[PDB]
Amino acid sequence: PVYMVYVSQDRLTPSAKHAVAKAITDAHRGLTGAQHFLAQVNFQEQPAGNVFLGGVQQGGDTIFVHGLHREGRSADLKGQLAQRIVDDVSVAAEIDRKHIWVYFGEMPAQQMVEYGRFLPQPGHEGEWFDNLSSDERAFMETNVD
């Protein structure tokens, strides 16, 4: 998965940012089973007053999570994972839940490419990880906090 996480400029300190990433990443790991280093969190900072709700300019507290996942998982699982993101971001970022929107879009795994390679289908990530070369495993191996 890639998680586009839109936030106001400077709303998240580096460590705040770190904690929101580890919050999402862990939630995805805990729920899907996918290994950490497949979970990308991409922060998109914009200056305050760029978001608008019902046509009302907003300060700097809004958080929009756009998760892009592989097709394959159930409605129930995705709502658990969306709910856990609303809750664990709320805490990691010290922002009210009322401030957090979370959308999940899905695409066939076979039109999705990470570390230069097409993803496997959900739940069969491990045999996938194993048929990668030495250098590719090493690189992804590093990306586990």
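The first residue of the shown sequence is 1; numbering continues from there.
For the pair 17-25 and 121-129, the mean B factor over Cα atoms is greater in 121-129. For the pair 88-96 and 65-73, the mean Cα B-factor is higher in 88-96. Comparing C-alpha B-factors across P108, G105, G54, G116 in the deposited entry, the largest value falls on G54. When the C-alpha B-factors of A82, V41, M112, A34 are read from the PDB record, the largest value belongs to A34.
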